[PDB]
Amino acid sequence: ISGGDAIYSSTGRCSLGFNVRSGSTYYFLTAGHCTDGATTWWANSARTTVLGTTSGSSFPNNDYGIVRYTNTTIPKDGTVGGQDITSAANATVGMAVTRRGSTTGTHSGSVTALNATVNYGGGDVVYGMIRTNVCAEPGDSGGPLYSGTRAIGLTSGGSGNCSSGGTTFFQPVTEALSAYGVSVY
């Protein structure tokens, strides 16, 4: 399973962001809003293939969570679809980036602004977000934003859609990596 692939919780479907690890312990990052109140994750809508259980969840304010793998056999590719990821990097204005998610597949665009505040309502405000012109639609949450072999962010939310064009905000991945002490591979 890789970055961009579907993940199911008890409540709905999100996208796996990146496969990360710490020592010999494998995990995957995804959106905090997806990990919030979820315990177990599965790889299929039937919930037959277990992935693992949530280990951390940071939403609102930030928007990242991490899930610890408990499935021993499922392959944990350090890629995004077939694309290799070798390091993580800070977003910059004008950077060309690509997103992959489980509903829309792969779409490209560029970083338009940094440190943006997105107010999802009811007190769910997230800060420090990367703004881009990439579209995203329901199901795409927590998928990767990358640039070449560099990991950059996790899909959070936005407006518009892929038919008409839209704006998507992403959580900087470096922050998540640092909070959990894990690294891409």
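Residue indices: 1-based, along the sequence shown.
- On average the C-alpha atoms of 65 to 73 have higher B-factors than those of the other stretch, with 65 to 73 and 146 to 154 being the two compared.
- Higher mean CA temperature factor between 14 to 22 and 173 to 181: 173 to 181, per the PDB entry.
- Residue-level inspection of the entry shows that, of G123, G139, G52, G32, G123 has the top Cα B-factor.
- Across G56, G128, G37, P60, the greatest Cα temperature factor reported in the deposited entry is at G37.
- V111: CA B factor in the lowest third of modelled residues in this chain (values from the PDB entry).
- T79: CA B factor lies in the highest third for its chain, per the PDB record.
- Sort the chain's modelled residues by C-alpha temperature factor and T117 lands in the middle third, per the entry.
- In this PDB entry, the Cα temperature factor of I85 sits in the middle third of its chain's modelled residues.
- Sorting the modelled residues of the chain by their CA temperature factor places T132 in the lowest third.
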